[PDB]
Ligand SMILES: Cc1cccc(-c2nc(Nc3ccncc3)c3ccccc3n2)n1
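Just one chain follows, in the form solved without the named molecule, and it is written as structure tokens.
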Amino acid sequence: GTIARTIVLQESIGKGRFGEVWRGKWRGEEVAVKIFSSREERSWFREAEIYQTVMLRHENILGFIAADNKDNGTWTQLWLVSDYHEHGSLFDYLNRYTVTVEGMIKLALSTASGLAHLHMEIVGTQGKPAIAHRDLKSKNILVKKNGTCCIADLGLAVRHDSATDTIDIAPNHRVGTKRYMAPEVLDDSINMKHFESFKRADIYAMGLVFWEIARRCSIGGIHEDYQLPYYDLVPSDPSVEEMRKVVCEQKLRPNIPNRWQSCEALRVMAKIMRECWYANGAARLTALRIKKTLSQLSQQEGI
């Protein structure tokens, strides 16, 4: 065996939705190891399945190494081994630091590039299906040493078959983090047989993540403190009903500070946010369009 047999766990990172994450050592390198119990095989298998999708690898998608089993002599462990990113999540990174205009662009553009890749179908023998995340949030995006992001936590993802316009696991129920659920997800108006609706719901979530980044953009020593979207309107761990009353009924979105009109980069960011936040998913920007706009911005700023 070349994987779990040869890995040594060094540090507990944390227990998430399913399983637990550790920092391990594999062939002298640091690796992220997500371990699931025998009764979590369905979650482990589905995440292994998404990460093994043909042509998935991309600089802005977490690098998957292997799936494996490890028997310690008492119980079986189901492992998912991936690249290790020392900064941890974009949520941790934005809490820990402020960012420059350059830093903000790198973070936003890389996030959009990874999402555009996830969403994009690549047609061919070695084809890649279009994939929707369903749980995009700052806690599910990692920050690499080079200051760019990679999308992680692909366990809840759905894959599209374009010839039939059907989804591989035919989702029939709401999933994901309540705070980041699109208005159509919160009010259950979403058509879950329509794959394009899942892509649009991801864009709404990315708009919220962009708002979190922009708050941390420090110009002339001026920035906002770290906050989750809707910090001002809902409790921690909000319910679907608490979110639905704010997002769907009162029709509120995170506030856009007046100061974001002070420079081109914050005006471009604020504009993308508004265009991800439309209640009508069909009116939202695509990840590919956002990538295009941000790459044009990155060129002007000389990143």
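If you superpose the two forms and keep the largest set of C-alpha atoms that fall within 1.5 Å, you have the rigid core. Don't overthink the numbering: it's just position in the shown sequence, from 1. Shifts are known only where both forms have a C-alpha.
Another form, the form deposited with the named molecule bound, is not on view; read the next lines as being about it.
Think of it this way: in the bound PDB entry, the named molecule has a heavy atom of just one of 269, 247, 33, 276 within 4.5 Å, and the residue is 33. Distance criterion of 4.5 Å from any heavy atom to the named molecule in the bound PDB entry singles out 62 from the list 56, 243, 62, 265.
Contact between residue 184 and the named molecule in the bound PDB entry is not found at the 4.5 Å heavy atom cutoff. Although the partner is absent from this view, residue 230 stays clear of the named molecule in the bound PDB entry, with no non-hydrogen atom inside 4.5 angstroms.
Contact annotation for residue 260: none of its heavy atoms lies within 4.5 Å of the named molecule in the bound PDB entry. Contact check for residue 82: a non-hydrogen atom falls within 4.5 Å of the named molecule in the bound PDB entry.
By the 4.5 Å heavy atom rule, the three marked residues 110, 147 and 211 all fail to count as contacting the named molecule in the bound PDB entry. Comparing 137-145, 97-105, 70-78, 184-192 against the named molecule in the bound PDB entry, the single stretch with non-hydrogen atoms within 4.5 angstroms of it is 137-145.
Along 4-23, these residues reach a heavy atom to within 4.5 Å of the named molecule in the bound PDB entry: 13, 21. Shifted region between the shown form and the other one (3+ consecutive residues, every CA moving 2 Å or more on the core fit): 14-16 alone.
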